[PDB]
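>
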Amino acid sequence: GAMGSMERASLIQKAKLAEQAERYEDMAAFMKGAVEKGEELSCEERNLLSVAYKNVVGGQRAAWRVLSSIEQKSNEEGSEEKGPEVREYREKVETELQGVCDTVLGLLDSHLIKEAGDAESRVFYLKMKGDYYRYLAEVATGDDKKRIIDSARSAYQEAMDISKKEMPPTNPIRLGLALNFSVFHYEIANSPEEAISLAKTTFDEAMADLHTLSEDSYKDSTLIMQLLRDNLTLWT
Amino acid sequence: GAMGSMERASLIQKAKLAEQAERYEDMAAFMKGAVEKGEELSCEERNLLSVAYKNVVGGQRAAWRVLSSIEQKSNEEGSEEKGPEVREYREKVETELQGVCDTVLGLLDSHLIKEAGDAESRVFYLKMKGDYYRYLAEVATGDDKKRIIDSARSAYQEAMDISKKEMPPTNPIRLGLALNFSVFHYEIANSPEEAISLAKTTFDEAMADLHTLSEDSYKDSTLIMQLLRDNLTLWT
Amino acid sequence: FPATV
Amino acid sequence: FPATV
Ligand SMILES: *CC(=O)NCCCC1CCN(C(=O)C(C)(C)Oc2ccc(Cl)cc2)CC1
Ligand SMILES: *CC(=O)NCCCC1CCN(C(=O)C(C)(C)Oc2ccc(Cl)cc2)CC1
Ligand SMILES: [Mg+2]
Ligand SMILES: [Mg+2]
Ligand SMILES: [Mg+2]
Ligand SMILES: [Mg+2]
Ligand SMILES: [Mg+2]
Ligand SMILES: [Mg+2]
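Pasting the structure below:
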């Protein structure tokens, strides 16, 4: 890889610079290089990895949605034939998105997950696996769509099982996992009741544990709890 | 080039899609492909070309400024030595920015400018030449900095001379040229009085010609006049 | 779109 | 930064 010659610490330093400069493609490439050094990641380094790829794929998803909407409108009755260009360009963006997802999944499989023994790290990586399979599922239309959806579900479920056994109900990683798995249920698995149930139970169990927290931990937990509430409001 | 196999009309279509998706790197690559077909550009196509590259280089300039500020702070007294990484990454962004500028200048030189005979097209392309030399000048620190600054000045001046002879004082291309040349004076050439004089005279001569315009032309001209006023306010 | 982190 | 177009 192109980052093979750069020191691990320098890659991390530059990922932080790239973040400050809002250069998320660079940030992701630096963090990929750092992962490929083969050492486990710290908490901060996991955050850098996730922020980088979330921002890159987030942009791709937004672009894909714009293009897919234009494509859908083109295939309505009364729409003038404009040739293959809309489909082609949607496919181009789609293929790039799939590439980034495959890259992230590859880092998780080689070898982040298998070396992650602490609950926080294992849950975080399994959540990421669920997330990137979910992004693949958003654009899937073929023979494998069901298996892609099930790959997302399986990763999220393993993360949920560990999180419930090993982490308090206010832990931000546990909360974020539940938020995202709930969205998976609503948007991907066609299970809006399960989505709502998950978000509500997660919110309520966190509420009951806030009394145990410092001011700073309270801030962190309540921020994600508000996201759960926001989704519940959208869905009910 | 990678766009050599795509129809000119399809490249233009896809540039418009890329704009809608806020995919400005793609938009620029499509427009580069379209220019390289060798035919002159229409007014709309000139706009697409300029929008694409303005957005790509704009992002690079913003990133470069973030990194240069961090680098400058690192070289103050009391700042802890952090190694070569800040300089390296600023250089990386800088080299990419210079590459995009060189690409645009290359399209102008081969062969957009030489084929542009109408005042609007020739002024537009010469303005672009001034702009991309100005971006090169922003990051220049070496033997060639003076020649880069003079290249920008020369292009802007040729555009100004044509614009004054051939276009009304409210023409948006004439106005935009003057706005940018004024910024060149203030930020690049260390000539703030010339910047102010240019912006003021341009504003005043446009004001006097608004009476000739339709409602729609008035809207277009007054928008750029407000930018001149905004700069004057910043500078006085 | 719903919130995710 | 000043306005340019
Ligand atoms: C110790 C460890 O493994 N830490 C990994 C990073 C956990 C951070 C991520 C950022 N946090 C957040 O609350 C926000 C909302 C900013 O983003 C999240 C991203 C991912 C998850 Cl799983 C939760 C939250 C704090 C915890
Ligand atoms: C006929 C022709 O050659 N047209 C080229 C495009 C001229 C457009 C550009 C967009 N316009 C603007 O007023 C704004 C402010 C959006 O941007 C500009 C960009 C570049 C210039 Cl030179 C002026 C304005 C209208 C004129
Ligand atoms: Mg080493
Ligand atoms: Mg496809
Ligand atoms: Mg349950
Ligand atoms: Mg042809
Ligand atoms: Mg350099
Ligand atoms: Mg004068």
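Quick note, the sequences are listed as chains A, A', B and B', same order. A prime marks a further copy of an entry chain.
Heads up, the first sequence is in the deposited numbering, so the first residue is -4 and it goes up one at a time.
Heads up, the second sequence is in the deposited numbering, so the first residue is -4 and it goes up one at a time.
Heads up, the third sequence is in the deposited numbering, so the first residue is 591 and it goes up one at a time.
Heads up, the fourth sequence is in the deposited numbering, so the first residue is 591 and it goes up one at a time.
The C-beta atom is built at its ideal place from N, Cα and C for all residues, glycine as well.
Which runs of the alpha helix (DSSP H), 4 residues or longer, sit entirely within the segment 82 to 134 of chain A?
114 to 134
> Pop quiz: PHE25 of chain A and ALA13 of chain A are said to be a contact at Cβ under 8 Å. What is the actual Cβ separation, rounded to whole angstroms?
6 Å
> Report yes or no: do three or more beta-carbon pairs, one from the segment 174 to 188 of chain A' and one from the segment 130 to 148 of chain A', lie closer than 8 Å?
yes
> Quick check: the Cα distance between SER116 of chain A and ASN42 of chain A, rounded to an integer number of angstroms?
11 Å
> Do you know offhand how far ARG60 of chain A's Cα is from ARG18 of chain A''s?
12 Å
> By the three-class DSSP mapping on this structure, what secondary structure does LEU36 of chain A have?
Coil, per DSSP.
> Quick one: any contact between the segment 77 to 87 of chain A' and the segment 98 to 113 of chain A', if contact means 3 or more CB pairs under 8 Å?
no
> If distances are taken between C-alpha atoms only, which option among A':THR196, A':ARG56, A':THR228, A':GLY(-4) comes closest to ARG129 of chain A'?
A':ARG56
> Buried or exposed: which applies to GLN8 of chain A, given that a residue is buried once 16 or more other Cβ atoms fall within 10 Å of its Cβ?
buried
> Sorted by chain position, which residues of the same chain lie with C-beta nearer than 7 Å to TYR213 of chain A's C-beta, five sequence neighbours on each side aside?
Counting only residues of its own chain and dropping the five nearest sequence neighbours on each side, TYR213 of chain A has a CB closer than 7 Å to the CB of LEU205.
> Tell whether a beta-carbon distance below 9 Å holds between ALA593 of chain B and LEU121 of chain A.
No. Outside cutoff.
> Quick check on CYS38 of chain A: buried or exposed, where buried means 16 or more other Cβ atoms within 10 Å of its Cβ?
exposed
> Determine the chain B residues that contact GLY171 of chain A at a beta-carbon separation under 7 Å, and present them in chain order.
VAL595
> List the residues of chain B whose Cβ lies closer than 8 Å to the Cβ of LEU174 of chain A, in chain order.
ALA593, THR594, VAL595
> Quick one: what does DSSP say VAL595 of chain B is sitting in, helix, strand or coil?
The answer is coil: DSSP assigns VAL595 of chain B none of H, G, I, E or B.
> In angstroms with no decimal places, state the Cα-to-Cα distance between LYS11 of chain A' and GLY53 of chain A.
Looking at the backbone, the Cα of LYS11 of chain A' and that of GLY53 of chain A are separated by about 21 Å.
> Quick one: is the Cβ of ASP204 of chain A within less than 8 Å of any heavy atom of ligand 1?
no
> Output needed for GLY171 of chain A': all residues of its chain with C-beta closer than 8 Å, excluding positions within five of it in sequence on either side, in chain order.
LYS122, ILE219
> Answer yes or no: do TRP230 of chain A' and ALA194 of chain A' have a C-beta to C-beta separation smaller than 9 Å?
yes
> Is DSSP giving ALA184 of chain A helix, strand or coil here?
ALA184 of chain A: coil per DSSP, three-state reduction.
> Taking Cβ-Cβ distances below 9 Å as the criterion, which residues of the segment 68 to 87 of chain A are in contact with chain A'?
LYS77, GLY78, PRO79, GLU80, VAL81, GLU83, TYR84, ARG85, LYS87
> Would you call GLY125 of chain A' buried or exposed, if buried means 16 or more other Cβ atoms sit within 10 Å of its Cβ?
buried
> Return yes when at least one heavy atom of ligand 7 lies under 8 Å from the C-beta of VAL52 of chain A', else no.
no
> Applying the 10 Å Cβ sphere with the 16-neighbour rule, what's the burial state of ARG148 of chain A?
buried
> For the segment 118 to 131 of chain A, which residues have a CB atom closer than 7 Å to at least one CB atom of chain B, in sequence order?
none
> Consider the Cβ of residue 241 of chain A': report whether some Cβ of chain A lies at a distance smaller than 9 Å.
With chain A' running from -4 to 231 in the structure shown, residue 241 of chain A' is simply not present.
> Please go through the segment 160 to 219 of chain A and give each complete alpha helix (DSSP H) segment of 4 or more residues, from N-terminal end onward.
167 to 178, 187 to 202
> Please list, following the chain, all residues that have a C-beta closer than 7 Å to any non-hydrogen atom of ligand 1.
A:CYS38, A:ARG41, A:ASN42, A:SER45, A:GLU115, A:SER116, A:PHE119, A:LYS122, A:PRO167, A:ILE168, A:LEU170, A:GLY171, A:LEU172, A:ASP215, A:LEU218, A:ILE219, B:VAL595
> Between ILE219 of chain A and chain B, is the shortest Cβ-Cβ distance under 9 Å, so that the two count as touching?
yes
> Under the three-state reduction of DSSP, which class applies to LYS77 of chain A: helix, strand or coil?
coil
> Need the endpoints of the alpha helix (DSSP H) that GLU20 of chain A' sits in, please.
19 to 30
> Use the C-beta contact count for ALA203 of chain A: other C-beta atoms within 10 angstroms, 16 or more gives buried, fewer gives exposed.
exposed
> In chain A, what lies closer than 7 Å to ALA135 of chain A' by C-beta?
Result: empty, since nearest Cβ-Cβ is about 20 Å, beyond 7 Å.
> Looking at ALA23 of chain A: is its Cβ nearer than 9 Å to the Cβ of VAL95 of chain A?
yes
> Cβ of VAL95 of chain A less than 9 Å from any chain A' Cβ?
no
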